[PDB]
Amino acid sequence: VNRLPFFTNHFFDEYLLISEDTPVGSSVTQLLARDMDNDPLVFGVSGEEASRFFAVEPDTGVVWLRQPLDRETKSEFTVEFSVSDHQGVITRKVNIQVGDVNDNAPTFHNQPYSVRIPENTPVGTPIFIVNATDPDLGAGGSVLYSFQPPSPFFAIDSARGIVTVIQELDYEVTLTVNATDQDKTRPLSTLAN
């Protein structure tokens, strides 16, 4: 009787997390197996789609990233890896969970942003609503509005993007919105006029 090999990595039992900003051609992990006969062991990848994304070194089973990951496209996928002792091939699927980075700046909608109001428009009048979205996860996808630089006449609610008159106007006397996400380390911001 030949004793068929088995994979020993923790991630078959739980999952493998790979950050979306991992450089192409980097080594995500190395497959680990055991053969009771201490036969030589050969490591591969199974699947049309999987094959493109990942490469596996057959003597050791170092796994390499072949294609750019984007959490905002596909956050996770199943990949089947194989080990063979040359009697038989043994295949096991790992769950792979693309980790999010804050790789996206916010995006304003309705770019023709303009409105005209009477000189007499009283203090506290809401005059306009700006909308921007950010598709990164958590704080990286949560947008705050501010004027750049601040206005004595006009204020914008940081949460809702509502612009209201704070100073009395006078026709005979008389804007850059900055939308930013709230990522801790690498916040990304965008401007509209």
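Quick note: we count residues from 1 along the sequence shown, nothing fancier.
The modelled chain is continuous from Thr185 to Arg186, since every residue of the deposited sequence in that stretch has coordinates. Stretches compared: 118-126, 69-77. Higher mean C-alpha B-factor in the entry: 118-126.
Across the two stretches, 164-172 and 58-66, the PDB entry reports the greater mean Cα temperature factor for 164-172.
Per-chain ranking of the deposited C-alpha B factor places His86 in the middle third.
Among the modelled residues of the chain, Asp39 sits in the highest third by CA temperature factor in this PDB entry. The deposited CA B-factor of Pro106 belongs to the middle third of values across its chain. Ranked against the other modelled residues of its chain, the C-alpha B-factor of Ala155 as given in the entry falls in the highest third. Annotation for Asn193: CA B-factor lies in the highest third of the chain's modelled residues.
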